[PDB]
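Geometric and topological summary
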Amino acid sequence: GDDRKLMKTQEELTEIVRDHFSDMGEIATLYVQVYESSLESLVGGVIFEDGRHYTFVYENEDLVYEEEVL
């Protein structure tokens, strides 16, 4: 009888993404635009001081990213 499944938090999903990019440069602004309190996913891009906006999607084990270009 199975009601003890503990998942991530808005802390943890962000702390993964933050701890990652802290090892690859310096962030002007970090935030989340979309948080899954029901799954373990994280999107909100990331903005560097140096003017490098990237999108970022942590999906399970795929940590995909790309430049923001519209």
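Residues numbered from 1 in each chain as written, not as in the entry; some residues may be left out. Heavy atoms only, no water.

Some details on the pattern of salt bridges
- What the rule picks out here adds up to one salt bridge.
- Across the pair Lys8 and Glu12 runs a salt bridge whose closest N-O atoms are separated by 2.8 Å.
- Overall, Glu12 belongs to the partly exposed group, its relative accessible area being 34%. (Salt bridge = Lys/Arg side-chain N within 4 Å of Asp/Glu carboxyl O. Buried < 20%, exposed > 50% of the residue type's maximum accessible area, 1.4 Å probe, protein only.)

Digging into the packing of aromatic side chains
- A complete count under the given rule lists three aromatic pairs for this structure.
- Pairwise contacts between aromatic rings join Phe21, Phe48, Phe56 and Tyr65 into one cluster. (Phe/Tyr/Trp six-rings, centres within 6.5 Å; stacked < 30°, edge-to-face > 60°.)

What about the side chain of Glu36?
- By the secondary structure assignment, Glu36 is in the loop between β2 (34-35) and β3 (41-43).
- Buried and unpaired, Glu36 has no salt bridge, with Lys8 as the nearest side chain of opposite charge at 13 Å.
- If sequence neighbours within four positions are ignored, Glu36 has contacts with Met7, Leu13, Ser41 and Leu42. (Helix = DSSP H or I, 4+ residues; strand = E, 2+ residues; numbered from the N terminus. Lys, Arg positive; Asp, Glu negative; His and termini not counted. Contact = heavy atoms within 4.5 Å.)

Focus on the side chain of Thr14
- You can see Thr14 is positioned in helix α1 (residues 10-21).
- The buried category is assigned to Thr14, whose relative accessible area is 14%.
- With near-sequence residues (within four places) excluded, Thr14 lies in contact with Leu30, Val32 and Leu42.

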